[PDB]
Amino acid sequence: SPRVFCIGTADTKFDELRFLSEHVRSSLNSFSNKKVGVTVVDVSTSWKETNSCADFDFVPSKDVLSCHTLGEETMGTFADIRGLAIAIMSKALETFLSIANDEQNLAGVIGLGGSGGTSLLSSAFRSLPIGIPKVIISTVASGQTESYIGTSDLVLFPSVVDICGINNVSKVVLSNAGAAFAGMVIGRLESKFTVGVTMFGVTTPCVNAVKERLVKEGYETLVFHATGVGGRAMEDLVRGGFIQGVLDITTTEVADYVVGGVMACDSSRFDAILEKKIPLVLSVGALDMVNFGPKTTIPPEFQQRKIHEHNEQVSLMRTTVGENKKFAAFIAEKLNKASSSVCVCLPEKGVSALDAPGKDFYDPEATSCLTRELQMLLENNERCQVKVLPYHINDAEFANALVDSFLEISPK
């Protein structure tokens, strides 16, 4: 029996929470044809207790906390006392929703709040599967939003004015957001093998050729710009079950994680793919550059390095022979843990449009080391094959050589 949860900090926004819940319930019943239940959850972190919300099934603040036990997610330091309280409630909310999602029918979640409440809701909401309606009327929807939404389908409705009581403005904003949510909920209730590919502008020739091949081979494709969030976006989709195979052509995010660039991946890169045990064909695309921008920003120690000014906002740094071995180490240390087929394809000529004969980043000395270092580090991996092809990553034959390698570890 479908159920949705209206969540908010009742100790500071009780009437707004009520008004929203009331409007959601009303809209759900209205838009359907058929019964969706609504539960109001209080995530207040102060001692002020709220025991009810009109006639709604209601969950008090203490009940959310009681299902949770302090974990690693909140062990670090915090700016202030309130930030910590919110961090703990947030994770407690996540546990509360996990439970409701397993032994229950979670049809959708909606909430409201300022930066604090939004921060609290976003974290728990994006932990739910893509597809499930997630909505937050936020006073910080207009501004930097990635720390709230991440790679999810979380929707932040701008509150327009600060959330402080029901007035002619909030009345309309809350009514619209609640109706939108109800629509998503009722609409969902009343209703090919895809390959993921990593890309950079400097490897787009390769990626486009690979994509045309794959579509011709009958696959569905999802291309991700290797900007740090890209790889993460791809991997979250892998554990979400939306991607059955990966052609990680552009692993450039590793360079930034190692050297300390702006579009870095985190220490978890590749884990999602290996844990799912889905076919993986990996390469060294654009591993010749670490992202910065602008020059004035380029950390002091790298100021003497070979820099290429792409734009006024982005400057690329050419990776050194010594750094490439470190890239190999990171990739290898992950791949050697594989428990399923993996193929590493390496382009002997170059790893990007800038790493080619007659280009600003061309350095076959670094490429060669990257190549010999992967071979060596992967030499005893009984699950990984290493292919060294006499081409440049952007050569048409390399692209088709990538899909060939994919087809052999994922026959069709």
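Quick note: we count residues from 1 along the sequence shown, nothing fancier.
*Asks:* Count up the deposited residues without coordinates from residue 34 to residue 35 and drop the result into none, 1 to 3, 4 to 9, or 10 or more.
*Replies:* Per the deposited record, the segment joining residue 34 and residue 35 lacks coordinates for 1 to 3 residues.
*Asks:* Count of coordinate-less deposited residues separating residue 191 and residue 192, as none, 1 to 3, 4 to 9, or 10 or more?
*Replies:* The entry has 4 to 9 unmodelled residues between residue 191 and residue 192.
*Asks:* Identify the stretch, either 354-362 or 370-378, whose C-alpha atoms have the larger mean B-factor according to the entry.
*Replies:* On average, C-alpha B-factors are higher across 354-362.
*Asks:* When the Cα temperature factors in the entry are averaged, is it 73-81 or 114-122 that ends up higher?
*Replies:* According to the PDB entry, the answer is 73-81.
*Asks:* Of the options 200, 330, 292, 181, which has the highest CA B factor as deposited?
*Replies:* The C-alpha B-factor peaks, among 200, 330, 292, 181, at 292.
*Asks:* For the listed 163, 223, 317, 278, which has the peak Cα B-factor recorded in the PDB entry?
*Replies:* So the option with the highest C-alpha B-factor is 317.
*Asks:* Among the chain's modelled residues, which third holds the C-alpha B-factor of residue 402?
*Replies:* CA B-factor rank for residue 402: middle third.
*Asks:* Ordered by C-alpha B-factor within the chain, which third holds residue 147? Give me lowest, middle or highest, please.
*Replies:* It falls in the bottom third of the chain.
*Asks:* Ranking every modelled residue in this chain by its Cα temperature factor as given in the entry, which third contains residue 242?
*Replies:* Its C-alpha B-factor, which the entry lists for residue 242, ranks in the lowest third among residues of this chain.
*Asks:* Give the position of residue 26 by CA B-factor within its chain, expressed as the lowest, middle or highest third.
*Replies:* CA B-factor rank for residue 26: middle third.
*Asks:* Test of reading the entry: by CA B factor among the chain's modelled residues, which third contains residue 44?
*Replies:* Lowest third of the chain for residue 44's C-alpha B-factor.
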